[PDB]
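One structure is given below, encoded as structure tokens.
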Amino acid sequence: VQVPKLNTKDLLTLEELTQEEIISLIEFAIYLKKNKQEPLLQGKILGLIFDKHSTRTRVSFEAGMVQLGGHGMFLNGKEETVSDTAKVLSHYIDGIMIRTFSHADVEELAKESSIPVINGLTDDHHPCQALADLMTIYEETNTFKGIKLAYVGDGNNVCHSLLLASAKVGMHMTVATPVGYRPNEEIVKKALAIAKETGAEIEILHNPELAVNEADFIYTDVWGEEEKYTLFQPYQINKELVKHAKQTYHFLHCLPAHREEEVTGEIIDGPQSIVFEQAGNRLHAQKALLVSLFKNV
Amino acid sequence: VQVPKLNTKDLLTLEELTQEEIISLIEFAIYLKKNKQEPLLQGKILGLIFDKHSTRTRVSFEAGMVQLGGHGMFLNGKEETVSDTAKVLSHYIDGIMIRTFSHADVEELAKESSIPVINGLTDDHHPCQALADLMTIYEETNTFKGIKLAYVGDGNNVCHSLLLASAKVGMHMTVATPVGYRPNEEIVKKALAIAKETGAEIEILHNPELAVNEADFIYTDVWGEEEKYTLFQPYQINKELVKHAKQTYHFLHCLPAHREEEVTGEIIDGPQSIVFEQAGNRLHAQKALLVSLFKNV
Amino acid sequence: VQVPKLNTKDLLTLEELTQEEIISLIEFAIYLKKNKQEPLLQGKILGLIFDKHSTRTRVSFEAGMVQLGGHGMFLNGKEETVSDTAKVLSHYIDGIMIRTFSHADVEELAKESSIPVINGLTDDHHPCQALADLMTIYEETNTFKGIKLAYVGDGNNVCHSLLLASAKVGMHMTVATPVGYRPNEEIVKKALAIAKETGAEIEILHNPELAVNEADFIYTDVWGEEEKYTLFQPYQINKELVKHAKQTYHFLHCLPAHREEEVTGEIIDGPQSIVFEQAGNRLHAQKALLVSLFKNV
């Protein structure tokens, strides 16, 4: 097996990876997906820490380790500080995947931990998703040079992670969100700065027709309610809006979905959709990531 | 290893199995029990879903997988619908054992899931138990042709599952329950219909002496309270009642028991009892079931 | 591998071990620590039972099993009595580690269980800790003959376990605790009785300078509050107090710590400290223990 050397212990936002690093990861995920499960992490253990329990993440991670000959250790966020607990894990274990709300907390755990820490999802960031998404796209295009991804919806953590992800690999990305719901300046900013070096064109705006125009890929996600709903109704993915993209676009969604909200069934269940392939690749992307991180011994 | 081909993805009530299928399973469970643990499910994963946490079931399942080289994944019923969650599991995993209260829910999960689903126990059904019970009986008799099982007690889910189980294998079964506590028409009905084809004699009635008469096996289980208790007092298993069965009967109980309620200690701890052997076979029956289901790939 | 034969099924207080038994264990832990992880418990399963969830214990145990080719099964203390549950575990499993509050409960589980039971920690006892501590000391001294350990602080369960532990191996130990907070007569008593046969000198008193005098090792641990705090302030480990020990003493603490309470940072983070080495050895001591217990088949 030709395992990738990452020059980082942790993976938190996506930004601690070089561009080459990200491809190597992707290319490796794909090789693993094709190849019969190697016990590359014999007896290694991944701690799994949760704020609110999240199935999709937990299972995809635990699965991966198990398939790599490892073990996943389910811990809870019913806790001594998140410093003390980092110290401890390190003695007895090989890595940690945390999902919690405050990203600052994760950063802290990483500094203090002496084993790899992986952000399962914080409020601000969701690297692993984006990484599975890039994998999915690359499976289709075999390249990011010259590719447009439109994301329309709420300016959320998966949005952030896509921005950084696209910037890193020189994939162009435009975002359309309603007036209130733009993503964070600080991130947009970082993303733009990465892009200066990869020639990726990143943009944020409001009219979605503009985002989707000539896009190779469209991505949405789920959204007191009375007034909000009426504001996002125009940001729905449908026969009508998707006509402005390329004939040959594919649809992405991180799931789960509420049909006839963010996306019409016609689209999500149509042949343009590849949400399922996407879903699967969570497993594999992560596996690739895990193995690289764990061989920095 | 000579693994049984089941013509079904799921196992919910017992009724999706042919009679041959059930023996093959039993015969296989026994072979496995005798034979040093094969890693027949290397790296496969069984999701374990719980409504209220139940030890006996959870452990017997997890154990089995572990002994088969697999892994059990404990999930909770602190959950998005039970549709969404089925879809997800299927991507990352190989099978699901669910215990929940509403059987309808399980049915749903099975339809929607694209991997095997096993009913750990619903309010109406408890297949796995019955299957371990048949195994136990067969260990003793080596045949169901001509065998009578009496169940006295409450007309509960394990009762149901025994009815169907006995009907399928042509084992005769009579049930005695107090006036209020007969089992469900719909099941009795199905059971009777199966029996028409296997020549099993099934009956439901009230006087327990009648149920136990010439029985090869007696089976009870645990039972506002002030008036109920006085009604079941006569449905106790004891020196007195067991005299009407065959000299050579054996006693079963799925456990746990309240001695000097449903059963006197004399009986349950007497040499006629085989509740322990029963208990053990949970493990093995299940193992057999799991392996067959998982090789329908 | 040269595995130790223990003449006991369970390990609850430390007192069911002979002195030889304890060394053999220690010596084995060390060998295991040095040697690449043997799959000595292939497919064996350790049940893990919790009263309040405790990370350090849970992880160190689960880890160990995993590294020994086993599996740890996390159960909860959301439970039928702790008799019924012992019976059950035994059918499907190989051993149990319990942490609960009432030691009496553990005793009970052990009697009733027909597989090994290990006290993770009760209010009165914490064997596994002490055992990791002895390992740590022995790593340094290679012998207990002639060695003094001072424990100052609250007369707590780890204190108890140290008393018994030291008594068993003929290590001298003095304890200094404030007036209210002496450890239990009944234990001191047992400990003294063991010591009569190993020549260990055990003592309990109040002035800590006396405890630490000419000590080879110093051990503290964490401690309505307004009046208590002022009482223990003098029982702090610091530059000042540690001068009365040997030049060449080492500091122990079971962690976690509150610096500038029981111990000044100067000490705990100083080169005299070996709290980390201590921490690690939890894993290994336990592994050694587990393997010996599990080969009493």
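Letters for chains follow the order of the structure tokens (A, B, ...), residue numbers begin at 1 for each chain, and ligand numbers begin at 1 in the order shown.
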Show me, as a compact mmCIF listing (two decimals) with C-alpha atoms, in the first residue's frame, the residues of chain C whose atoms get within 12 Å of chain B, using only C-alpha atoms for the distance check.
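This went into out00.txt:
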```
# COMPACT_ATOMS: atom_id res chain seq x y z
CA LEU C 41 -6.83 -13.09 24.64
CA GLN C 42 -8.03 -13.79 21.13
CA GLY C 43 -11.79 -13.34 21.03
CA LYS C 44 -12.22 -13.08 24.77
CA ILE C 45 -14.62 -10.42 26.03
CA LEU C 46 -14.55 -8.24 29.11
CA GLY C 47 -17.75 -6.71 30.31
CA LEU C 48 -17.36 -3.22 31.67
CA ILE C 49 -19.92 -2.11 34.18
CA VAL C 66 -8.25 -4.71 22.41
CA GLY C 69 -6.96 -9.40 20.80
CA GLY C 70 -10.08 -9.22 22.91
CA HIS C 71 -12.98 -6.86 23.18
CA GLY C 72 -14.40 -4.68 25.87
CA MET C 73 -18.13 -4.43 26.22
CA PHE C 74 -19.39 -1.23 27.65
CA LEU C 75 -22.38 -1.74 29.82
CA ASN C 76 -24.23 0.74 31.93
CA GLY C 77 -25.49 0.96 35.59
CA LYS C 78 -28.93 1.76 34.27
CA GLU C 79 -29.34 -1.89 35.36
CA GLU C 80 -33.54 -7.22 37.70
CA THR C 81 -30.92 -7.51 40.54
CA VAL C 82 -27.14 -7.61 40.29
CA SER C 83 -27.52 -11.28 40.83
CA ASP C 84 -29.56 -12.00 37.72
CA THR C 85 -27.13 -9.93 35.65
CA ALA C 86 -24.09 -11.84 36.90
CA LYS C 87 -25.65 -15.14 35.96
CA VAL C 88 -26.22 -13.88 32.45
CA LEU C 89 -22.94 -12.38 31.71
CA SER C 90 -21.29 -15.73 32.55
CA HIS C 91 -23.05 -17.59 29.75
CA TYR C 92 -22.04 -15.25 27.02
CA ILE C 93 -18.75 -13.77 28.30
CA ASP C 94 -15.33 -14.31 29.80
```
Run DSSP on the backbone and tell me which residues of region 2-160 of chain B come out as strand (DSSP E); list them as a PyMOL selection string. chain B and resi 45-50+71-76+95-99+117-121+148-152
Residues of region 8-195 of chain C in helix (DSSP H, G or I) according to DSSP, as a ChimeraX atom specification? /C:19-34,55-67,84-92,103-112,127-141,157-169,185-195
Go ahead and dump the residues you just picked, C-alpha atoms, as a PDB file, in the first residue's frame.
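Contents of again06.pdb, as written:
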```pdb
ATOM      1  CA  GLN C  19       2.980 -11.962  47.685  1.00  0.00           C
ATOM      2  CA  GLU C  20       4.601 -14.128  45.080  1.00  0.00           C
ATOM      3  CA  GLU C  21       1.443 -13.785  43.011  1.00  0.00           C
ATOM      4  CA  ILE C  22       1.816  -9.977  43.062  1.00  0.00           C
ATOM      5  CA  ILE C  23       5.397  -9.988  41.918  1.00  0.00           C
ATOM      6  CA  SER C  24       4.725 -12.479  39.178  1.00  0.00           C
ATOM      7  CA  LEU C  25       2.012 -10.109  38.031  1.00  0.00           C
ATOM      8  CA  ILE C  26       4.291  -7.111  38.139  1.00  0.00           C
ATOM      9  CA  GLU C  27       7.117  -8.905  36.433  1.00  0.00           C
ATOM     10  CA  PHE C  28       4.696 -10.014  33.743  1.00  0.00           C
ATOM     11  CA  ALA C  29       3.241  -6.533  33.245  1.00  0.00           C
ATOM     12  CA  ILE C  30       6.761  -5.350  32.600  1.00  0.00           C
ATOM     13  CA  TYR C  31       7.494  -8.065  30.117  1.00  0.00           C
ATOM     14  CA  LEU C  32       4.285  -7.223  28.285  1.00  0.00           C
ATOM     15  CA  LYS C  33       5.058  -3.535  28.227  1.00  0.00           C
ATOM     16  CA  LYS C  34       8.359  -4.471  26.513  1.00  0.00           C
ATOM     17  CA  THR C  55     -12.943   7.507  31.545  1.00  0.00           C
ATOM     18  CA  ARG C  56      -9.482   6.674  32.823  1.00  0.00           C
ATOM     19  CA  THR C  57     -10.576   3.237  33.992  1.00  0.00           C
ATOM     20  CA  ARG C  58     -12.830   2.397  31.113  1.00  0.00           C
ATOM     21  CA  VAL C  59     -10.349   3.330  28.463  1.00  0.00           C
ATOM     22  CA  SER C  60      -7.351   1.651  30.060  1.00  0.00           C
ATOM     23  CA  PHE C  61      -9.325  -1.527  30.327  1.00  0.00           C
ATOM     24  CA  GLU C  62     -10.958  -1.514  26.958  1.00  0.00           C
ATOM     25  CA  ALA C  63      -7.614  -0.646  25.397  1.00  0.00           C
ATOM     26  CA  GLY C  64      -5.896  -3.497  27.072  1.00  0.00           C
ATOM     27  CA  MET C  65      -8.369  -6.079  25.913  1.00  0.00           C
ATOM     28  CA  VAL C  66      -8.249  -4.714  22.409  1.00  0.00           C
ATOM     29  CA  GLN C  67      -4.508  -4.887  22.404  1.00  0.00           C
ATOM     30  CA  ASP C  84     -29.563 -11.999  37.715  1.00  0.00           C
ATOM     31  CA  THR C  85     -27.126  -9.927  35.653  1.00  0.00           C
ATOM     32  CA  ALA C  86     -24.092 -11.836  36.904  1.00  0.00           C
ATOM     33  CA  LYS C  87     -25.652 -15.137  35.965  1.00  0.00           C
ATOM     34  CA  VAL C  88     -26.224 -13.883  32.451  1.00  0.00           C
ATOM     35  CA  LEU C  89     -22.938 -12.384  31.714  1.00  0.00           C
ATOM     36  CA  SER C  90     -21.295 -15.729  32.548  1.00  0.00           C
ATOM     37  CA  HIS C  91     -23.051 -17.585  29.746  1.00  0.00           C
ATOM     38  CA  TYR C  92     -22.042 -15.251  27.022  1.00  0.00           C
ATOM     39  CA  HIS C 103     -18.095  -2.642  47.550  1.00  0.00           C
ATOM     40  CA  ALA C 104     -20.576  -5.074  49.064  1.00  0.00           C
ATOM     41  CA  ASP C 105     -22.314  -5.096  45.669  1.00  0.00           C
ATOM     42  CA  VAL C 106     -19.113  -6.150  43.936  1.00  0.00           C
ATOM     43  CA  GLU C 107     -18.521  -8.907  46.412  1.00  0.00           C
ATOM     44  CA  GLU C 108     -21.973 -10.148  45.634  1.00  0.00           C
ATOM     45  CA  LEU C 109     -21.520 -10.013  41.902  1.00  0.00           C
ATOM     46  CA  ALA C 110     -18.302 -11.999  42.336  1.00  0.00           C
ATOM     47  CA  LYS C 111     -19.890 -14.776  44.444  1.00  0.00           C
ATOM     48  CA  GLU C 112     -22.763 -15.110  42.055  1.00  0.00           C
ATOM     49  CA  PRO C 127      -6.849  -2.411  43.622  1.00  0.00           C
ATOM     50  CA  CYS C 128      -5.960  -1.826  40.066  1.00  0.00           C
ATOM     51  CA  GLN C 129      -4.497   1.524  40.815  1.00  0.00           C
ATOM     52  CA  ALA C 130      -2.303   0.278  43.596  1.00  0.00           C
ATOM     53  CA  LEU C 131      -1.176  -2.530  41.412  1.00  0.00           C
ATOM     54  CA  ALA C 132      -0.113  -0.063  38.682  1.00  0.00           C
ATOM     55  CA  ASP C 133       1.605   1.976  41.390  1.00  0.00           C
ATOM     56  CA  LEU C 134       3.582  -0.981  42.682  1.00  0.00           C
ATOM     57  CA  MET C 135       4.580  -1.744  39.132  1.00  0.00           C
ATOM     58  CA  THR C 136       5.832   1.782  38.770  1.00  0.00           C
ATOM     59  CA  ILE C 137       7.865   1.662  41.926  1.00  0.00           C
ATOM     60  CA  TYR C 138       9.346  -1.651  41.105  1.00  0.00           C
ATOM     61  CA  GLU C 139      10.319  -0.333  37.710  1.00  0.00           C
ATOM     62  CA  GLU C 140      12.481   2.085  39.607  1.00  0.00           C
ATOM     63  CA  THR C 141      13.783   0.031  42.564  1.00  0.00           C
ATOM     64  CA  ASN C 157      -9.836   4.117  48.673  1.00  0.00           C
ATOM     65  CA  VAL C 158      -6.501   4.434  46.885  1.00  0.00           C
ATOM     66  CA  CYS C 159      -4.938   4.838  50.255  1.00  0.00           C
ATOM     67  CA  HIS C 160      -6.568   1.644  51.420  1.00  0.00           C
ATOM     68  CA  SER C 161      -5.406  -0.171  48.381  1.00  0.00           C
ATOM     69  CA  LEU C 162      -1.897   1.056  48.858  1.00  0.00           C
ATOM     70  CA  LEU C 163      -1.864  -0.127  52.420  1.00  0.00           C
ATOM     71  CA  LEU C 164      -2.820  -3.633  51.532  1.00  0.00           C
ATOM     72  CA  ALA C 165      -0.554  -3.560  48.492  1.00  0.00           C
ATOM     73  CA  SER C 166       2.474  -2.433  50.522  1.00  0.00           C
ATOM     74  CA  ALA C 167       1.775  -4.861  53.332  1.00  0.00           C
ATOM     75  CA  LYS C 168       1.655  -7.719  50.854  1.00  0.00           C
ATOM     76  CA  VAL C 169       5.006  -6.953  49.303  1.00  0.00           C
ATOM     77  CA  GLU C 185      -9.907   0.894  60.948  1.00  0.00           C
ATOM     78  CA  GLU C 186     -10.931  -2.381  59.402  1.00  0.00           C
ATOM     79  CA  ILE C 187      -8.482  -1.969  56.581  1.00  0.00           C
ATOM     80  CA  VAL C 188      -5.591  -0.585  58.598  1.00  0.00           C
ATOM     81  CA  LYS C 189      -6.208  -3.614  60.735  1.00  0.00           C
ATOM     82  CA  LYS C 190      -6.026  -6.113  57.855  1.00  0.00           C
ATOM     83  CA  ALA C 191      -3.029  -4.401  56.520  1.00  0.00           C
ATOM     84  CA  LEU C 192      -1.256  -4.554  59.828  1.00  0.00           C
ATOM     85  CA  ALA C 193      -2.032  -8.290  60.004  1.00  0.00           C
ATOM     86  CA  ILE C 194      -0.538  -8.942  56.559  1.00  0.00           C
ATOM     87  CA  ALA C 195       2.437  -6.914  57.506  1.00  0.00           C
TER      88      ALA C 195
END
```
Write out as a PDB file with C-alpha atoms, in the first residue's frame which residues come within 12 Å of residue 231 (chain B) when counting only C-alpha atoms, dropping same-chain ones fewer than 2 positions away.
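selection_14.pdb written:
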```pdb
ATOM      1  CA  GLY B 153     -48.724 -18.083  31.629  1.00  0.00           C
ATOM      2  CA  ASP B 154     -49.411 -14.749  29.996  1.00  0.00           C
ATOM      3  CA  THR B 177     -53.611 -18.564  30.026  1.00  0.00           C
ATOM      4  CA  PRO B 178     -56.014 -16.960  32.354  1.00  0.00           C
ATOM      5  CA  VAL B 179     -59.215 -15.459  31.063  1.00  0.00           C
ATOM      6  CA  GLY B 180     -57.932 -12.032  30.186  1.00  0.00           C
ATOM      7  CA  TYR B 181     -54.559 -12.919  28.898  1.00  0.00           C
ATOM      8  CA  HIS B 206     -57.524 -21.917  30.071  1.00  0.00           C
ATOM      9  CA  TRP B 223     -46.360 -12.085  34.885  1.00  0.00           C
ATOM     10  CA  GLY B 224     -53.331  -3.264  39.691  1.00  0.00           C
ATOM     11  CA  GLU B 225     -51.252  -6.180  40.982  1.00  0.00           C
ATOM     12  CA  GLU B 226     -53.473  -7.083  44.024  1.00  0.00           C
ATOM     13  CA  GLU B 227     -56.316  -8.492  41.755  1.00  0.00           C
ATOM     14  CA  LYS B 228     -54.070  -9.805  38.912  1.00  0.00           C
ATOM     15  CA  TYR B 229     -51.839 -11.827  41.182  1.00  0.00           C
ATOM     16  CA  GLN B 233     -51.870 -17.985  41.290  1.00  0.00           C
ATOM     17  CA  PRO B 234     -53.388 -21.132  39.866  1.00  0.00           C
ATOM     18  CA  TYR B 235     -51.183 -20.885  36.740  1.00  0.00           C
ATOM     19  CA  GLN B 236     -48.059 -21.605  38.792  1.00  0.00           C
ATOM     20  CA  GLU B 261     -44.453 -16.844  41.566  1.00  0.00           C
ATOM     21  CA  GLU B 262     -44.663 -18.405  38.104  1.00  0.00           C
TER      22      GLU B 262
END
```
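Shortest atom-to-atom contact with residue 113 (chain A) among A:289, A:237, A:212, A:96: A:96, counting only C-alpha atoms.
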Could you pull the residues within 10 Å of residue 271 (chain C), counting only C-alpha atoms, minus those fewer than 3 positions along the same chain, as a PyMOL selection string? chain C and resi 250-251+266-268+274
Among the residues B:145, B:287, B:172, B:52, the one that comes closest to residue 123 (chain B) [using only C-alpha atoms]: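 Under the stated criterion, the closest residue is B:52.
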